[PDB]
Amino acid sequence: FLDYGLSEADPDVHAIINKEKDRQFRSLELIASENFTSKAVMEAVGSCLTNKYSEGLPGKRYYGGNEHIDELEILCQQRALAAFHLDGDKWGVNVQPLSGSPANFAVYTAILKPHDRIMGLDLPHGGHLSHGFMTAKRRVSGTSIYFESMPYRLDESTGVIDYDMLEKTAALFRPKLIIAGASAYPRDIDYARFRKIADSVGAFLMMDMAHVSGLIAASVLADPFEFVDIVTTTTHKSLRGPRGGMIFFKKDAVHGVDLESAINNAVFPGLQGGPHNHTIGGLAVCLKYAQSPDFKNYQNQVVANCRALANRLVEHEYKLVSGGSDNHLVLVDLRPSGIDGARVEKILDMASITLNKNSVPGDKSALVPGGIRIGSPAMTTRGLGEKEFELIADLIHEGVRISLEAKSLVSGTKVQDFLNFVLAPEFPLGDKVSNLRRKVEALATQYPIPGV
């Protein structure tokens, strides 16, 4: 019998994990969908819970030996409801979805028939692929393959959801399901208006709270559970848990449908097999923490840090999509600054500032993203405050200046020409990038980081 540790069993994987750990510690991790989960969550996820098959629901399993798995799943469900301040007679929860996308697809499967109509926020306006996405030449999202999705849009001149136009187009298109929630929407959502619009056409109403779940849990943002029928979420991002998903649903019939029975059946036996109990373990851990005063303080700090960063970017004369943010993220419209997000993302990454390019309202080309998305959750977890997020803004500004300089110096007009130029060993702004990286890492490495 041999059961070596990772350093003994697999030096290459061990080494790679160590490099990634090294990278996380010294980088400014500004991806709005990333966080740093706890040592406790990691210990539950890296446990023997992975070994068990438990298809079905607690007390209602296909296989034997599930006494402790059932205790865990019941505990996890109770903590999910408690974290979002829900009465268990009004709301149920399924904690088995493997991720945010499968959670959404299970909802669609539960309440819609194939080719039924869905409306969600348009992808280039801050939406998520799983709410539907079609190009001129293909159905890109599985949502747009199996269902008939039509987007609603921001007023491109403002960067806020055009509720009046949604009202008009919903009346014409007659969706069965309207989805609120977004991947890159910097403002809070008018949930009352979504309800009015859904009722106008007898639609189901869902909130995908993946990006804002912890802010909702901490009552920093408005509560979608006051207005919607169904709520989906990832358990990573805002909630700072393991990689997984959850679906919350009203237990009272909605449009004559028992959502509990429909959603549970869609998850299993509909779409998934055995639950990932190791993940469910981690989720229960994170949901306990979600109820704590420290988590509430953390989420308020998230929004204060994003505000500090936004204000300083604006002082450097950047334009923000929608003019600001009410949440954990900001979208910088780089077009007025004379550059795009693809170019800026690469230079910033080379200096250990990690974020992503993001499309901006008005972008001519989907293949050239006009902006960058920046989030505060991950570095807020590490204990950075408002002053440090102002420094982050200055470091970003320095990075964008380097990117602008690199753009002018590259002869080629194409994004790929920019990439070849910056990655070449004769790249002439290497020392400016190193100087920036030195400052970035000098900030990041002053702070602890959670994990095993």
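In case it trips you up, residue 1 is the first one in the sequence shown, and so on.
Participant: Taking only the CA atoms, which stretch has the higher mean B-factor in the record, 63-71 or 405-413?
Facilitator: It is 405-413.
Participant: With reference to the PDB entry, specify whether the mean Cα temperature factor is higher for 46-54 or for 382-390.
Facilitator: The deposited B-factors put 382-390 ahead on the C-alpha mean.
Participant: Of the options 31, 28, 423, 41, which has the highest CA B factor as deposited?
Facilitator: Answer, based on the entry's C-alpha B-factors: 423.
Participant: Tell me, please, which of 333, 260, 208, 116 has the highest C-alpha B factor according to the deposited entry?
Facilitator: Out of 333, 260, 208, 116, the record gives the largest C-alpha B-factor to 333.
Participant: Which third, lowest, middle or highest, does the C-alpha temperature factor of residue 139 belong to within its own chain?
Facilitator: For residue 139, the deposited C-alpha B-factor lands in the middle third.
Participant: With respect to C-alpha B-factor, does residue 2 fall in the lowest, middle or highest third of the chain as deposited?
Facilitator: For residue 2, whose C-alpha B-factor we compare with every modelled residue in the chain, the answer is the highest third.
Participant: Taking only the Cα B-factors deposited for this chain, tell me whether residue 345 sits in the lowest, middle or highest third.
Facilitator: Its C-alpha B-factor belongs to the middle third of this chain's values.
Participant: Is residue 431 in the lowest, middle or highest third of its chain when residues are ranked by C-alpha B-factor?
Facilitator: For residue 431, whose C-alpha B-factor we compare with every modelled residue in the chain, the answer is the highest third.
Participant: Looking at the temperature factor on the CA atom of residue 122, which third of the chain's modelled residues does it land in?
Facilitator: It falls in the middle third of the chain.
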